[PDB]
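Here are two versions of the same chain, shown separately as structure tokens and labelled structure 1 and structure 2.
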Structure 1
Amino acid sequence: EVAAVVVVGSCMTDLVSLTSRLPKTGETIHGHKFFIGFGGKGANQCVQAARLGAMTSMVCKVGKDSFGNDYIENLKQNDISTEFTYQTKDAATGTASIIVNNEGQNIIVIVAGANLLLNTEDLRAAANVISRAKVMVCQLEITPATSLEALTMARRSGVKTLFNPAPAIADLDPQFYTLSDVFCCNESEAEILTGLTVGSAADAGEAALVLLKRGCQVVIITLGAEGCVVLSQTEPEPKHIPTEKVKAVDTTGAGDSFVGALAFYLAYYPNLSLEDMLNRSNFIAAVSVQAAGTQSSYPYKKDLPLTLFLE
């Protein structure tokens, strides 16, 4: 039952209130709807890869609380290995409290909580599962020392590293670049990392070259409805890969859908060209934007065209 995709990253409870307008300082307002969902970039990416057919393992930490218990059940209901899903009494399960108005404007408060207490001792326990994987995926929602050690362990075992610098910090440790076989971010993260404005595929190609020279082997910048741009040490000329023109219902977590799809193709279809993998990943992310509710929008293999699983 070997995991081909290991995700070392975050699980977060999403707490969403829908309002007619955002509250002002000192203001109590009444919203019209509240819901809970399962989020966190690590878990979102793992759930998309699992639903495409990947054997996955989620290395993460949640609270010894109701939210933590519910999160472990969510991973098992998506056929994800929870062998190295830890729980702790020392902090609450990570939370994202989101207030959203009718026009889709928001205010968000994140408390990473238990996610931050995933430590190098917890990783070292997963050494054998990491060593037998094809792809290791990380983000920036846990403690950086933990993510850096995960990428180091992957490299030592010859496991391909897929790094998503999300959310982005302007002074990212240079080892994040040099430990990344595939570096994938969105337009706003590329602007934070490079200081360049990114308002077109051409601008994304300029930002991607900066990231390449910092030591990345492959750089992908996602561009929402414009698909993505890719370049590599072997092919440094930026290629624009356009996506399905669709009617977006809810673009929340499309980035995570795209990253989880890419992990699945890197693990299970290593013979496909990068261009082909990014075309399929674009298509899967595009399906996700045509439904509401983050993980509940992620498509399963049985509902996707057969051609996404050929060649």
Structure 2
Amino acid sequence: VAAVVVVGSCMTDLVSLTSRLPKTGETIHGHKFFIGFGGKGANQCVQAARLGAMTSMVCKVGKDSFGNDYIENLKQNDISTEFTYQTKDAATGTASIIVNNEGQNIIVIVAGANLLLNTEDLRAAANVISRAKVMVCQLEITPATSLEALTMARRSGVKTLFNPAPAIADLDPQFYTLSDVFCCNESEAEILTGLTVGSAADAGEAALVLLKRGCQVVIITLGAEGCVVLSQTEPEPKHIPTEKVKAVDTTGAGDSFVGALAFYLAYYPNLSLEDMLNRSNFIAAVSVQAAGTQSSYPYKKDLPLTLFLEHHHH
């Protein structure tokens, strides 16, 4: 049994390294190309699996080489692929990424097969969703499919962790009311609320607007400032800082955070939210110390033992 079930996206990353970013109408040469594995849903599932979660990815990829290779990436990370569907009717989702020597980029995302994950696929996954401890979803599949997954999870008493990423300004109200944990970043929170979110203070105001739409718990992640949390039972904002580290590459840090939080929700339910967030921050900040999105996510064996204690730790 998979205790963390991620209903969401997989994307093949097609990355070209250049010295300068091209403009409209330009052809340029780069010096290296390589392929990597991304998608917010797969990223989150990877982090939770590497911490020791029994995970399953509910997703759709193409009946194509990229899709086959994605399946193998999931397997290599000890993720169940029992609900990794394929389709003849769309290509695997892609992210075509051009990167310069300073790490600035142009990204073109084509959702592809991710949008064909459908009701009938969710119905086939009903038992796996219902038997989980946590169901995680984002907004890189059809929003209605995410909503159906939240609905199914809630009907089974399964904890719902919703990551509205990338954000949409006007979400169906049920996105809020069906979310036990609503987790977003500063820029997302700006889009959802129409407010500036630069600081922890600003995040507390944004988070309260989100809480009042019917979330049980709101978390806004804040980069190097950690995160801010509020809940229905404790609506005063709590700012949970992260220790200073030397960041190499922050890409994917949010997905690291969310995957770690899903792990702790499923495996350490006894812990307070604050303790779960302290630990999640730590893991995410480990990921920012290395290049390469999924390749940067740490494994349990590489992490401090104190992150896995059953009790509250000073």
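So that the term is clear: the rigid core is the largest set of C-alpha atoms that superpose within 1.5 Å between two forms. Residue positions are counted from 1 along structure 1's sequence.
* Asked: Considering only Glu237, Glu73, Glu103, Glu121, which residue exhibits a C-alpha shift of no less than 2 Å between the two structures, with the rigid core used for superposition?
  -> None of the others reach 2 Å, which leaves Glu103.
* To do: Superpose the two forms on the rigid core, then give the C-alpha shift of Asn282 between the two structures in Å.
  => On core superposition, this C-alpha lies 0.1 Å from its counterpart.
* Let me know the CA shift of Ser20 between the two structures in Å, rounded to one decimal, core fitted. => The alpha-carbon displacement, core-superposed, is 2.2 Å.
* Asked: By how many angstrom is the Cα of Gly199 displaced between the two structures when the rigid core is overlaid?
  -> After core superposition, the C-alpha of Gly199 moves 1.3 Å between the two structures.
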